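A short write-up of the structure that comes next.
Any read-out appearing in this document is the output of simple, stated calculations on the displayed coordinates, not a laboratory observation. All Cβ positions, even for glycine, are placed from backbone atoms using ideal geometry, and neighbour counts span all protein chains on display.
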């Protein structure tokens, strides 16, 4: 829910963690150039 | 079984996770970034289908 | 555009209008970015 999202997200995050694969580009940033964005 | 070329540890870990998840009779979703070669991991999984079933 | 095969990195220029329709969609995109970072 909304206000219950602390426990629902705590149990649902670790419960659905095994069924999904989360990867971040920070580990591949060695061979990857830096990324930046500038709003105008 | 991949004629394109060699694979890295991230692609090998993704294909090994897809095959390991498929060995238990369950399905999953791939949240990896679009620059990770998800298509090469899918075709490489079709080449990892050698179990023949 | 941005991909692992680009050695020139990238330059992202986002043009936002001044205080008409831009603030709402930009704030919603910031909150959505916070939710995506929390997920």
(message) Could you tell me how many of the residues in the stretch B:19-36 are closer than 30 Å to residue C:6 by Cα and touching a strand residue (DSSP E or B) at 6+ places or on another chain (Cβ under 8 Å)?
(response) 4
(request) Would you check which residues across the stretch B:3-27 are farther than 17 Å from residue A:27 by Cβ and surrounded by 15 or more Cβ atoms within 10 Å (Cβ to Cβ) and list them? (result) B:15, B:18, B:21, B:22
(request) Could you tell me whether the stretch A:30-39 includes any residue that is more than 10 Å from chain C (Cβ to nearest Cβ), farther than 30 Å from residue C:9 by Cβ and without any contact (Cβ under 8 Å) to a residue 40 or more places away in the chain? (result) no
(request) Kindly check whether there is at least one residue in the stretch B:46-53 that is loosely packed, with under 15 Cβ neighbours inside 10 Å and part of a helix (DSSP H, G or I). (result) yes
(request) Among the residues of the stretch B:1-18, write down those that are more than 13 Å from chain A (Cβ to nearest Cβ) and in contact (Cβ under 8 Å) with a residue 24 or more places away in the chain. (result) B:1, B:2, B:4, B:7
(message) Just the residues that are out of contact with any strand residue (DSSP E or B) (no Cβ under 8 Å at 6 or more places or on another chain), surrounded by 10 or more Cβ atoms within 10 Å (Cβ to Cβ) and more than 26 Å from residue A:27 (Cα to Cα), please, taken from the stretch C:1-25.
(response) C:17, C:22, C:23, C:25
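Restricting the stretch B:28-39 to residues that are more than 8 Å from every other protein chain (Cβ to nearest Cβ) and either loosely packed, with under 13 Cβ neighbours inside 10 Å or in a helix (DSSP H, G or I) (or both), which is farthest from the chain's Cα centre (by Cα)?
Kept after step one, since they are more than 8 Å from every other protein chain (Cβ to nearest Cβ), are these residues of the stretch B:28-39: B:34, B:37-39.
Checking which are either loosely packed, with under 13 Cβ neighbours inside 10 Å or in a helix (DSSP H, G or I) (or both) leaves us with B:34, B:38-39.
Numbers: B:34: 14, B:38: 8, B:39: 9 Å.
Here the residue is B:34.
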